């Protein structure tokens, strides 16, 4: 009653049935923050895949990103793109944005902890969104 159980750390996301793979809320690189704020408050999801003109994931926009925008001492309005969050961090280049179904729980957990991020986008071979894995999903696997 090692924590975490080693037999479950060696299992893939697919095997453990971890994540959300239906009804994914997401936005574009051309999406203004007002759109994302409306989603967060009315639709009630914790983070949003940000996809480019090809449908490929280039960022994740979270509730903390909005608060960080709100603390900026320079003047902003809500017509700023969600891509201005990229001035504060690059999940993409740090390799802490995406994951695959075949990756192990141990791998996914290490990636989350690596940059202190609360979610990863599950993608396909073309970096197109298949689903999302958040700490809540991991916790259900850790029990």
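Numbering follows the first chain given and starts at 1.
Look over 128-136 and 7-15 in the entry and identify the one with the greater average Cα temperature factor. Per the PDB record, 7-15.
Which of the two stretches, 34-42 or 72-80, shows the higher mean Cα temperature factor in the record? Between 34-42 and 72-80, it is 72-80.
For the C-alpha B-factor as written in the entry, point me to the maximum among 115, 99, 60, 86. In this record, 115 carries the highest C-alpha B-factor of the candidates.
Where does residue 106 sit by CA temperature factor within its chain: lowest, middle or highest third? It belongs to the middle third of the chain when residues are ordered by C-alpha B-factor.
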